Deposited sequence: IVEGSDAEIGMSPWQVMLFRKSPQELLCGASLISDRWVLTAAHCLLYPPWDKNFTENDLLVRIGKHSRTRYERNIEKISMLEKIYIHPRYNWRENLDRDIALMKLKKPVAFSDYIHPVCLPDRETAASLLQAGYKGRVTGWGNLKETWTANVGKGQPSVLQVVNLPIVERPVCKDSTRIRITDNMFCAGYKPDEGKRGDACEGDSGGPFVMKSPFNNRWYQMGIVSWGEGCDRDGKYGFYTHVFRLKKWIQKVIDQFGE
């Protein structure tokens, strides 16, 4: 997270850390969606142009964390994965189209003050919240600049109009992505960066007062570059595939 600040304890109880067994390192961010399900980006697990192919036995899921490095004994909870579900139409070849993945936990995780799931949006929520100018929130332990924080980082970023997203890149944008960040003429800064990937982009509803995950930290050209925006996997558009796998696989 570039140009962000420290998170308060229990500010994102759905934030998950994707952690590699050997070598012991941070892989990605992720989010708790229920007691047995975790949402991430498919690129965290599978990206053939960079030789990335991580299976279930290669990693652990660390929920309830604040510190990046510490083993937070009676706060964090470590889970093994049962199965990884990568969207079948995930496009690693061209543009990271459909950069989404589901992970089933071996055993359910008990909730606490530090472990709680986030809501997935419905049609009502998406229509109300997913508008240009509205702010969302990104969290993670990734790079501070294009450098490693000791504690979870947060940044509030506004949603950008589809034409501005299309104009800022030479990559082919689809309706399964949205972009966020400040325009050069806005003065404010901030972006997600390497290590943040798979992490949630959330909005709080002013109606019910719930937190909804609208996006997944996907791609961007550099970090916090002027005239450049962070691209996020559109959660609502892909919600039909999330329901399919959760309902089919328990």
Counting from 1 along the deposited sequence, the ranges with no C-alpha atoms are 147-154, 259
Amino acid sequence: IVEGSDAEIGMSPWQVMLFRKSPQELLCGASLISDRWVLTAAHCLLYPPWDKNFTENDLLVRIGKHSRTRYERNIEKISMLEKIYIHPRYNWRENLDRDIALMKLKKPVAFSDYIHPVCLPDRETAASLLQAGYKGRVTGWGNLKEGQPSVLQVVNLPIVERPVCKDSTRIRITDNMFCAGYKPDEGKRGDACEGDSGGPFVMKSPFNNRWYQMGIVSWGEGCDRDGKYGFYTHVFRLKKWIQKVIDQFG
From here on, numbers count along this sequence of modelled residues.
Going by the entry, of stretches 104-112 and 156-164 the one with greater average Cα B-factor is 104-112
Mean C-alpha B-factor higher for 186-194, or for 41-49? 186-194
Taking the Cα B-factors listed in the entry, which of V61, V217, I33, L27 comes out highest? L27
How does the C-alpha B factor of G10 compare with the rest of the chain: lowest, middle or highest third? middle
Ranking every modelled residue in this chain by its Cα temperature factor as given in the entry, which third contains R137? lowest
CA B-factor ranking of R170, expressed as a third of its chain: highest
In terms of the chain's CA B-factor thirds, is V235 lowest, middle or highest? middle
Just say lowest, middle or highest third for the CA B-factor of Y90 relative to the other modelled residues in its chain. middle
